[PDB]
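2 protein chains.
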Amino acid sequence: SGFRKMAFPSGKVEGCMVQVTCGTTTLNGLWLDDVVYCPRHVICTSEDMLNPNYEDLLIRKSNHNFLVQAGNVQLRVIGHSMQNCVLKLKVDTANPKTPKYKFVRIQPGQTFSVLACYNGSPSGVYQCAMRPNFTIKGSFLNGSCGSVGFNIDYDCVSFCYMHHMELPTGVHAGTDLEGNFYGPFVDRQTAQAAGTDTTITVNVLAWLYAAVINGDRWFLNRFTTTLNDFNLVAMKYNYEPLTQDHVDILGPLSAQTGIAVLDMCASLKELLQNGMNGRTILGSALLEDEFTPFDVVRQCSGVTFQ
Amino acid sequence: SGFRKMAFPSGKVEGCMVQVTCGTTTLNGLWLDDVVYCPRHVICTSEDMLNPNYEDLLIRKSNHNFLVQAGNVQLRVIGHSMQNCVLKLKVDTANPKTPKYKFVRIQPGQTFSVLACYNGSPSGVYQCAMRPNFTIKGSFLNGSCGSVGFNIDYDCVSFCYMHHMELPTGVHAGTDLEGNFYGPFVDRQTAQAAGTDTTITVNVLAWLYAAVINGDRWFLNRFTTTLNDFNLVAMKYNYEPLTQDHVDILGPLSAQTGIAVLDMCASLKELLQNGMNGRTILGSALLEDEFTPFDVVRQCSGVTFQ
Ligand SMILES: *[C@H](O)[C@H](C[C@@H]1CCNC1=O)NC(=O)[C@H](CC1CCCCC1)NC(=O)[C@@H](NC(=O)OCC1CC1)[C@@H](C)OC(C)(C)C
Ligand SMILES: *[C@H](O)[C@H](C[C@@H]1CCNC1=O)NC(=O)[C@H](CC1CCCCC1)NC(=O)[C@@H](NC(=O)OCC1CC1)[C@@H](C)OC(C)(C)C
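Those sequence lines, one after another, are chains A and A'. A prime marks a further copy of an entry chain.
Residue numbering for the first sequence follows the authors' numbering, beginning at 1 and increasing consecutively.
Residue numbering for the second sequence follows the authors' numbering, beginning at 1 and increasing consecutively.
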């Protein structure tokens, strides 16, 4: 019993965090094998923030401009290359702590654990979702750039996020580990705003299944709904459209609880139209949308990682 | 910016989790130096659950009854001793991954990270508080016993919780690492209930400071309040009494935000009496009480761990 925003165990990633200093900029890098990945705006200065030509900026760099600290051991950069918005610093030492890992570009709606770091030292771990507007509602201060988001699958760390910047609304934007921003954002200080976000409907439904698995039933009802009539209601309340693929993905949870997906949709419909009327679901007074169907099954069933 | 329920990085603890099997019972143990700590009800069977004499049960055990798996390496038990409700299995191998660590018995209201584990394999990490009624609102399934809760201070893991049991309300009860239950609970299957819980007032106030640090101000007001008149209101809404010591602890947050503690109390008073009126604080529609003042300062300022 119980349901918590659960992050993956972070140790496999902690072992990869390093400090990258270039000029007056310090941020975090991800040390996998003999490469340190970090946001390319590490090669920018206080005047370089605005409209930088990173190819120009980078050819003016030498390897010894890049100060990579792995704890209390200075790593020597022997080469560098820029891939989209990530800098790849080739170092002379392979990280002996390199986990089995993949780089994955996730879809919006997908969740991940963020290992927040400063000066290459992990500070905290929390679960985020990639919002539909490709921002993440993170917790990031100055120096957190290069902190990564990740999922773990048995023994394999799937890195999916590297932190680059905070938008004026206080949400966060970054890239996959191959340096491609999530969303329309660019790594240059110009007018950029998040764009209107929407609620991740399939995740809300998953969490409603989590609630039923855990003994909250007060929100269930007799009614059912069609996928279209649900989506017409979702529509109004700024909810992401629910697709048939979403429905299928919610299959196991529907099968475990005996609640047809569209029945749960009928329940969410009435939740959207009636509020919760002073009640809570899984300790929340809001409809929670940062658990995927996978998240619910993993935590309500006990999947682990070796 | 941003504010998240942040757990500590779990790697230092992941390196200590092991599987302890005795008879038909498998649970987790905590391997520090050459000792494996685990709940003593590992020596119980399906009929032994009810009113066991653990001293009786334990003298009937031999060391080879204890099967300790550290990943894929069998640890040999060379001795065992029971300390309150924890079993200490002496093994012939010191954990090379043993962090700097302390055992600490925390006060209610204090938070910690739980590294949820099954079969000695970490499954997830989340932040909990010790509730005023000495339960924790955890996320725990069969086999999670022996999962530990912890805080990290620079390099030192302060273990404060070991998981033992779920109560009928779905909340969780366990011990400190010296085997002393938090609360009135005992490790034997009898009528035990959590006892009425209360909201951790000083933590709610801390989180209100977190909100102001992060730019939510809608709940602040002109008014102030006396500590007594606040506590008379807290009283009604099942809030833990706020002490002067609590006030002092909220000092730095008051100093950082320029909001006197009792002014923030006046704000919480009106939140308790007016609800939030369809508004949210730090993405919550409830008053959140599982951030300590320390938690807020750490995350709003960036404290890390080497
Ligand atoms: C890296 O450690 C740091 C992390 C952020 C600081 C505060 N919280 C964070 O997540 N990232 C930055 O400081 C970047 C700097 C680079 C400069 C080169 C271009 C990419 C960003 N900047 C920010 O995140 C600022 N955001 C910003 O400038 O946005 C302007 C519009 C382009 C989006 C932050 C620090 O400024 C504000 C807090 C938004 C005022
Ligand atoms: C250990 O892995 C396991 C973890 C719990 C299982 C479900 N969630 C958990 O946190 N712990 C147990 O199964 C203990 C077994 C020992 C037996 C010897 C005495 C101490 C507990 N039991 C429970 O947590 C049960 N709770 C219980 O029996 O409470 C009865 C009153 C004494 C409190 C759970 C499994 O049963 C219910 C879910 C409450 C029905």
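Positions of the beta carbon are idealized from the N, C-alpha and C atoms, including for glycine.
Check: Ends of the alpha helix (DSSP H) at A/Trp-31?
Finding: Residue mapping note: residue 31 of chain A aligns to position 31 of the first sequence, counting from 1. Per DSSP, A/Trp-31 belongs to no alpha helix (DSSP H); it is in the beta strand (DSSP E), 25 to 32.
Item checked: Same chain, Cβ closer than 7 Å to A'/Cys-156, five either side skipped, listed in chain order -> Counting from one through the second sequence, the residue named residue 156 of chain A' turns up at place 156. Excluding residues up to 5 positions away in sequence, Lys-100, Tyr-101 and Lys-102 lie with their Cβ nearer than 7 Å to the Cβ of A'/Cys-156 in the same chain.
Checklist line | Cross-chain neighbours of A/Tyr-126 in chain A', by beta carbon under 8 Å | finding: On the first sequence, residue 126 of chain A is found 126 positions in, with the first residue counted as 1. Annotation: Cβ neighbours of A/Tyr-126 in chain A' (cutoff 8 Å, chain order): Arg-4, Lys-5, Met-6 and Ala-7.
Check: Of the choices A'/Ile-259, A'/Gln-192 and A'/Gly-29, whose alpha-carbon is the least far from that of A'/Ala-173?
Finding: Numbered from 1 along the second sequence, position 173 holds the residue referred to as residue 173 of chain A'. Of the candidates A'/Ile-259, A'/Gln-192 and A'/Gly-29, the one whose C-alpha sits nearest the C-alpha of A'/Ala-173 is A'/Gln-192.
Next item on the list: May I have the straight-line CA-CA distance separating A'/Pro-39 from A'/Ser-10, to the nearest angstrom?
Entry: As a working mapping, residue 39 of chain A' is identified with position 39 in the second sequence. As a working mapping, residue 10 of chain A' is identified with position 10 in the second sequence. Their backbone Cα atoms lie some 21 Å apart in a straight line.
Check: Are the segment 44 to 62 of chain A' and the segment 72 to 85 of chain A' in contact at 8 Å, needing three or more beta carbon pairs?
Finding: A contact exists between the segment 44 to 62 of chain A' and the segment 72 to 85 of chain A'.
Notebook entry, point to check: How would you list, in chain order, the residues of chain A' whose beta-carbon sits under 7 Å from the beta-carbon of A/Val-303?
Noted result: Position 303 of the first sequence, counting from 1, holds the residue named residue 303 of chain A. At a C-beta separation below 7 Å, A/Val-303 has these neighbours in chain A': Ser-123.
Margin query: To the nearest angstrom, how far is the alpha carbon of A/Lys-12 from that of A/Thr-304?
Written below: For the purposes of this step, residue 12 of chain A is identified with residue 12 of the first sequence, where counting begins at 1. For the purposes of this step, residue 304 of chain A is identified with residue 304 of the first sequence, where counting begins at 1. Looking at the two C-alpha atoms, the distance is approximately 14 Å.
Notebook entry, point to check: By Cβ distance below 7 Å, which residues in the same chain neighbour A'/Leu-272 in space, the five residues on each side in sequence not counted?
Noted result: Against the second sequence, residue 272 of chain A' aligns to sequence position 272. Excluding positions up to five away in sequence, the list reads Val-233 and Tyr-237.
Check: With 8 Å set as the bound, which would you pick, yes or no: does the beta-carbon of A/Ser-1 sit closer than that to a beta-carbon of chain A'?
Finding: Here the question's residue 1 of chain A lines up with position 1 in the first sequence. With its beta carbon less than 8 Å from one in chain A', A/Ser-1 belongs to the interface.
Next item on the list: Report the three-state DSSP secondary structure of A'/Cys-160 (helix, strand or coil).
Entry: Working through the second sequence from its first residue, we reach residue 160 of chain A' at position 160. Judged by DSSP in its simplified three-state form, A'/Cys-160 adopts strand.
Check: Nearest to A'/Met-17 by alpha carbon, out of A'/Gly-149, A'/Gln-107 and A'/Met-49?
Finding: Here residue 17 of chain A' refers to the residue found at position 17 of the second sequence. The shortest CA-to-CA distance from A'/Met-17 to any of A'/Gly-149, A'/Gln-107 and A'/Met-49 is the one to A'/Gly-149.
Notebook entry, point to check: In chain A, which residues lie with their C-beta within 8 Å of the C-beta of A'/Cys-117?
Noted result: What you label residue 117 of chain A' is simply residue 117 of the second sequence in a count that begins at 1. Chain A residues near A'/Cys-117: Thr-304.
Checklist line | Environment of A/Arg-131 [buried if 16+ CB atoms lie within 10 Å] | finding: For the purposes of this step, residue 131 of chain A is identified with residue 131 of the first sequence, where counting begins at 1. The Cβ neighbour count for A/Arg-131, taken over all protein chains shown within 10 Å, is at least 16; the residue is labelled buried.
Next item on the list: Below 7 Å CB to CB, which residues in the same chain sit around A'/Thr-45 once its five sequence neighbours on both sides are set aside?
Entry: The residue given as residue 45 of chain A' occupies position 45 in the second sequence. So the list reads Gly-23 and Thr-24, once near-sequence residues are dropped.
Note to self: Let me see if you follow: with CB-CB separation under 8 Å, is A'/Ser-81 close to chain A or not?
What the structure shows: For the purposes of this step, residue 81 of chain A' is taken as the residue at position 81 of the second sequence. For A'/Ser-81, the closest Cβ of chain A is not nearer than 8 Å.
Margin query: Pop quiz: A/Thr-135 and A/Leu-115 are said to be a contact at Cβ under 8 Å. What is the actual Cβ separation, rounded to whole angstroms?
Written below: As a working mapping, residue 135 of chain A is identified with position 135 in the first sequence. As a working mapping, residue 115 of chain A is identified with position 115 in the first sequence. Actually they do not touch by this definition, with Cβ atoms about 19 Å apart.
Notebook entry, point to check: How big is the Cα-Cα spacing for A/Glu-178 and A/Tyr-161?
Noted result: The sequence position of residue 178 of chain A within the first sequence is 178, counting from 1. The sequence position of residue 161 of chain A within the first sequence is 161, counting from 1. The alpha-carbon atoms of A/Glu-178 and A/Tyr-161 are separated by roughly 9 Å.
Next item on the list: Using a Cβ cut-off of 7 Å, pull out every chain A residue sitting near A'/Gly-149, in sequence order please.
Entry: Locating residue 149 of chain A' in the second sequence gives position 149, where the first residue counts as 1. The contacting residues do not exist; A'/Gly-149 stays about 12 Å from chain A at best.
Notebook entry, point to check: In chain A, what lies closer than 9 Å to A'/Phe-140 by C-beta?
Noted result: Position 140 of the second sequence, counting from 1, holds the residue named residue 140 of chain A'. Here the neighbours are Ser-1 and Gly-2.
Notebook entry, point to check: Along chain A', which residues have their Cβ under 9 Å away from the Cβ of A/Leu-286?
Noted result: On the first sequence, position 286 is the one that residue 286 of chain A refers to. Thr-280, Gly-283, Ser-284, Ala-285 and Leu-286, listed in chain order.
Check: Hey, does A'/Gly-11 have any beta-carbon neighbour from chain A nearer than 8 Å?
Finding: On the second sequence, position 11 is the one that residue 11 of chain A' refers to. Closer than 8 Å: yes.
Next item on the list: Taking all protein chains shown into account, decide if A/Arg-4 is buried (16 or more other Cβ within 10 angstroms of its Cβ) or exposed.
Entry: Position 4 of the first sequence holds residue 4 of chain A. Its Cβ being crowded by 16 or more others within 10 Å, A/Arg-4 is buried.
Check: Is any heavy atom in ligand 2 found nearer than 7 Å to the beta carbon of A/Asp-216?
Finding: One-based indexing of the first sequence puts residue 216 of chain A at position 216. Result no, Cβ not under 7 Å from ligand 2.
Item checked: Against chain A: residues of the segment 168 to 189 of chain A' by CB proximity under 8 Å -> Residues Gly-170, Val-171 and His-172.
Notebook entry, point to check: Using a Cβ-Cβ distance under 8 Å, would A/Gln-299 count as near chain A'?
Noted result: Residue numbering aside, residue 299 of chain A sits at position 299 when the first sequence is read from its first letter. When Cβ-Cβ separations below 8 Å define contact, A/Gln-299 makes contact with chain A'.
Notebook entry, point to check: CA-CA distance, A/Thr-199 and A/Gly-283?
Noted result: Here residue 199 of chain A is taken as the residue at index 199 of the first sequence, counted from 1. Here residue 283 of chain A is taken as the residue at index 283 of the first sequence, counted from 1. Their Cα atoms are separated by approximately 19 Å.
Margin query: Using C-beta distances below 8 Å, list every residue in its chain close to A'/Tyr-209, excluding the 5 sequence neighbours before and after it, in chain order.
Written below: Along the second sequence, one-based indexing puts residue 209 of chain A' at 209. So the qualifying residues of the chain are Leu-250, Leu-253, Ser-254, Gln-256, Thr-257, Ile-259, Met-264, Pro-293 and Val-296.
Next item on the list: Work out the CA separation of A'/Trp-31 and A'/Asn-151 for me, nearest whole Å.
Entry: Locating residue 151 of chain A' in the second sequence gives position 151, counting from the first residue. Locating residue 31 of chain A' in the second sequence gives position 31, counting from the first residue. For A'/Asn-151 and A'/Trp-31, the distance between alpha carbons rounds to 17 Å.
Checklist line | Beta-carbon contacts of A/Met-49 that lie in its chain and below 6 Å, excluding the five residues immediately before and after | finding: Residue mapping note: residue 49 of chain A aligns to position 49 of the first sequence, counting from 1. Same-chain partners within the cutoff: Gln-189.
Check: Less than 8 Å separating the beta-carbons of A/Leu-89 and A'/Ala-285?
Finding: Counting from one through the first sequence, the residue named residue 89 of chain A turns up at place 89. Counting from one through the second sequence, the residue named residue 285 of chain A' turns up at place 285. No, they are not a contact pair.
Margin query: Once DSSP output is grouped into helix, strand and coil, what is the label at A/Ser-301?
Written below: Here the question's residue 301 of chain A lines up with position 301 in the first sequence. Helix, per DSSP.
Next item on the list: Have a look at A/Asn-228, A/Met-165, A/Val-125 and A/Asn-142 and flag the residue whose alpha-carbon is nearest the alpha-carbon of A/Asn-119.
Entry: The residue you call residue 119 of chain A lines up with position 119 of the first sequence. Ranking A/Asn-228, A/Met-165, A/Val-125 and A/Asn-142 by Cα distance to A/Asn-119 puts A/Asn-142 first.
Notebook entry, point to check: How about A/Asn-231 and A/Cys-117: do their beta carbons lie closer than 8 Å?
Noted result: For this step, residue 231 of chain A is matched to residue 231 along the first sequence. For this step, residue 117 of chain A is matched to residue 117 along the first sequence. Result no, Cβ atoms of A/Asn-231 and A/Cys-117 do not sit closer than 8 Å.
Next item on the list: Select from A'/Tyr-182, A'/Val-204 and A'/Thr-201 the residue whose C-alpha is nearest the C-alpha of A'/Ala-194.
Entry: On the second sequence, residue 194 of chain A' is found 194 positions in, with the first residue counted as 1. Out of A'/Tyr-182, A'/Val-204 and A'/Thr-201, A'/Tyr-182 has the C-alpha closest to the C-alpha of A'/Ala-194.
Notebook entry, point to check: Comparing alpha-carbon positions, which option in A/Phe-219, A/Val-171, A/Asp-197 and A/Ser-147 lies nearest A/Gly-278?
Noted result: The count along the first sequence starts at 1 and reaches residue 278 of chain A at position 278. Cα-wise, what sits closest to A/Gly-278 is A/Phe-219.
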